[PDB]
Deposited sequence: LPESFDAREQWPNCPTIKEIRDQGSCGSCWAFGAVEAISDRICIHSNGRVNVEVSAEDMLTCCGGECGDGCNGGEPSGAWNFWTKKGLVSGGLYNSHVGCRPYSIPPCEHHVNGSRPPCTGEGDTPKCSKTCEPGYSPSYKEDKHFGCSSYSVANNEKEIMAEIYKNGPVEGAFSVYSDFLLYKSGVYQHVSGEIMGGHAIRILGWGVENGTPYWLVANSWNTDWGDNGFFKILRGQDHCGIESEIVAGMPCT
């Protein structure tokens, strides 16, 4: 495997790999790391670029994925894609796709022009309809996965999975010193644990001797390094290598 790899550069024709979404004031991070990597994988493995709906995943999976805005289970999310499929849907207020995200963007531990995020909010209704003016129908806009699986806590297998099949979903423990990240390779030094956080991993490299995983967060682009961050690789730091999940699209 190369010393560095950035899936944005490797698949130029899949612009979802460069996007950073915003989960709003909702603990929907489990749903976001999944629909972002599922969008990327649809594009990498097609005979075609769709923004898969975080709304659909978030509201309609139910208890197999956990508990909506209160948090959930990442492999549970990849499973819903193979069983029920996912419709398209872009950013809040975009009117792109069947079911755009309905929770407003907010400032995540950073000051800016949006309202601050609050805690978690209420999970919206599972509405099986597309927005007005969109075609096809909800039922017809579903995209299915044909496999859902877990990747072993093994840095070489994770690197080979991203290299071969595209970005993956991961989860790690957030301590309060992570909230303040701006650049470089994050390593945890102080802070109260704040929760597990599911994100999308899309590459790796070595920044001045320190090996890292290139990660994309769902806290909008004004947090961290334009929404992305680097975290220490190879030592299962904050559990970053312990809960990798991925899956393959049909056809």
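| request: Map the modelled residues onto the deposited sequence and report the uncovered stretches in sequence order. | output: Sequence range with no C-alpha atoms is 48 to 49 alone.
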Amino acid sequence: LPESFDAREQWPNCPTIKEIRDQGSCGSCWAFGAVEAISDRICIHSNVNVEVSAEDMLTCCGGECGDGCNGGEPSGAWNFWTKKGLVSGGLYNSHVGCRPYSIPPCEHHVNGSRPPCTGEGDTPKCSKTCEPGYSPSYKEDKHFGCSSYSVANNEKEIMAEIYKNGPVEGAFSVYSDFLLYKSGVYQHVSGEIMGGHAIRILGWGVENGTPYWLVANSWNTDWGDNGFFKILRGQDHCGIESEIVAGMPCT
From here on, numbers count along this sequence of modelled residues.
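| said: Test of understanding: from the entry's C-alpha B-factors, which stretch has the higher mean, 71 to 79 or 128 to 136? | reply: Mean C-alpha B-factor is greater for 128 to 136.
| Mean Cα B-factor comparison, 81 to 89 or 172 to 180, giving the higher one as deposited | Per the PDB record, 172 to 180.
| Out of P100, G145, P115, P167, which shows the largest CA B-factor listed in the entry? | Answer, based on the entry's C-alpha B-factors: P115.
| Say you rank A54, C60, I193, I201 by Cα B-factor from the PDB entry; which sits at the top? | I193 has the highest C-alpha B-factor of those listed.
| said: Ranking every modelled residue in this chain by its Cα temperature factor as given in the entry, which third contains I44? | reply: CA B-factor rank for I44: middle third.
| message | Splitting the chain's C-alpha B-factors into thirds, which one does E243 fall into? | response | It belongs to the highest third of the chain when residues are ordered by C-alpha B-factor.
| Which third of the chain holds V185 when residues are ordered by C-alpha B factor: lowest, middle or highest? | For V185, the deposited C-alpha B-factor lands in the highest third.
| By its CA B factor, does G66 count among the lowest, middle or highest third of the modelled residues in the chain? | Answer is middle: the recorded C-alpha B-factor places it there.
| query | Hey, what third does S218 fall into on Cα B-factor, ranked over its chain? | reply | Lowest third of the chain for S218's C-alpha B-factor.
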